[PDB]
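Topology and contacts: notes
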Amino acid sequence: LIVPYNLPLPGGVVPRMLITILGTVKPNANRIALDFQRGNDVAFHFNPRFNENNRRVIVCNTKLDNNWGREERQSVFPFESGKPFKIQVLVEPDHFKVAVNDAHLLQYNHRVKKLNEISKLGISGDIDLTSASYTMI
Ligand SMILES: CO[C@H]1O[C@H](CO)[C@H](O)[C@H](OCc2cc3ccccc3oc2=O)[C@H]1OC(C)=O
Ligand SMILES: [Cl-]
């Protein structure tokens, strides 16, 4: 698939929706980003950074009216340059739940509450993207 890739989420997200992204991190990658969007707002930005001051960190945040909010940072970093990955995002009633390579990684409490209006997922960064799909569990 071509990156950046836009995956429509028809009628928005709902609890029990599972999104699966398969790809390979490029050698010498700098960043990956998943952006769940509500129009111009970003309800959930998930942003692995491979070199922030010589550390690897995952930054999560929300953008409202063009302004970024308070960051939530995770130091557990399961991505590896050059290697294949699987990201699964499970929508639960109170948070997005993220697993990488079948291991739980983090939860992100819903700040944007109109879940039915979060109707696009943007996938970008230094990856080769193999597939991006959703199903209901
Ligand atoms: C406060 O802004 C930083 O932190 C934000 C999260 O709190 C975003 O990750 C944002 O990134 C959004 C962003 C970065 C980007 C980088 C390359 C290409 C396209 C990009 O599109 C973006 O929205 C960051 O901004 C910078 C300089 O990386
Ligand atoms: Cl809202």
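Residues numbered from 1 in each chain as written, not as in the entry; some residues may be left out. Chains lettered and ligands numbered in written order. Heavy atoms only, no water.

Regarding how it was determined, this PDB entry cites X-ray crystallography in its header, along with a resolution of 1.502 Å.

1. Things to note about the pattern of salt bridges
Evaluated as defined, the whole model comprises 10 salt bridges. When the shortest N-O distance is used, the salt bridge between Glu117 and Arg38 registers 2.7 Å. Taken together, the positions of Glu117 in the loop between strand 10 (103–109) and strand 11 (120–125) and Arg38 in strand 3 (residues 32–38) put the pair 79 residues apart, joining distant regions of the chain. Across the pair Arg73 and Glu52 runs a salt bridge whose closest N-O atoms are separated by 2.6 Å. Placement of the pair is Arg73 in strand 7 (residues 72–74) and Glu52 in strand 4 (residues 41–52), with a sequence separation of 21 residues. A single salt-bridge network, built from bridges that share partners, covers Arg49, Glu52, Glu71 and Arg73. (Salt bridge = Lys/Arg side-chain N within 4 Å of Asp/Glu carboxyl O. Helix = DSSP H or I, 4+ residues; strand = E, 2+ residues; numbered from the N terminus.)

2. Some thoughts on the packing of aromatic side chains
Taken as a whole and judged by the stated rule, the model has nine aromatic pairs. Taking 5.1 Å as the distance between ring centres and 85° as the angle between the ring planes, the aromatic pair formed by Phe50 and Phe77 counts as edge-to-face. With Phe50 in strand 4 and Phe77 in the loop between strand 7 and strand 8 (84–91), this pair connects stretches of sequence that are 27 residues apart. A single burial state applies to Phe50 and to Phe77, both of which are buried. Between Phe79 and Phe85, the ring centres sit 5.8 Å apart and the planes meet at 80°, which makes this aromatic pair edge-to-face. (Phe/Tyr/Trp six-rings, centres within 6.5 Å; stacked < 30°, edge-to-face > 60°. Buried < 20%, exposed > 50% of the residue type's maximum accessible area, 1.4 Å probe, protein only.)

3. Observations concerning the site of ligand 1
Neighbouring ligand 1 are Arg31, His45, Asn47, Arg49, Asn61, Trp68 and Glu71. Between ligand 1 and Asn47 there is a distance of 3.1 Å, counted from an oxygen atom to a side-chain nitrogen or oxygen. Here an oxygen atom of ligand 1 and a side-chain polar atom of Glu71 are 2.7 Å apart. Relative to its free-state accessible area of 580 Å², ligand 1 is covered by the protein chains to the extent of 45%. (Near = heavy atom within 4 Å. Polar contact = N/O pair within 3.5 Å; in protein donor to acceptor, adjacent residues only side chain to side chain. Areas by Shrake-Rupley, 256 points an atom, 1.4 Å probe, with all protein chains shown as cover.)

4. What about the side chain of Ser124?
Residue placement: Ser124 occurs in strand 11. Discounting chain neighbours no more than four positions away, the residues touching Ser124 are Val3, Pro4, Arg31, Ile32, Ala33 and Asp35. (Contact = heavy atoms within 4.5 Å.)

5. Some words on the UniProt feature "domain: Galectin" in the protein chain
The feature "domain: Galectin", as given by UniProt, occupies residues 5–135 in the numbering adopted here. The span residues 5–135 is 0% helix and 63% strand, and its two end C-alpha atoms sit 18 Å from each other. (UniProt positions renumbered as here; feature names shortened; annotations may be inferred.)

6. Observations concerning the nonpolar core
Soluble, globular proteins show a tendency: their nonpolar side chains are buried together. By size, the foremost hydrophobic cluster in this structure holds 37 residues, and its most contacted members are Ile21, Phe36, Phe46, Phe79, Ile87, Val98 and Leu121. With residues up to four places along the chain from it excluded, the contact list for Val98 reads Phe44, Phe46, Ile87, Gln88, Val89, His104, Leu105 and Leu106. (Core = buried A, V, L, I, M, F, W, Y, C linked by side-chain atoms within 4.5 Å.)

7. Details of the pairing of strand 3
Extensive coverage of strand 3 is indicated by the burial of five of its seven residues. By the bridge criterion, six bridges tie strand 3 to strand 11 in an arrangement that is antiparallel. Note that in strand 11 the partner of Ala33 across the bridge is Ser124. With five bridges connecting them, strand 3 and strand 4 associate as antiparallel partners. Considered in strand 4, the bridge of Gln37 is made with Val42. (Pairing = 2+ DSSP bridges.)

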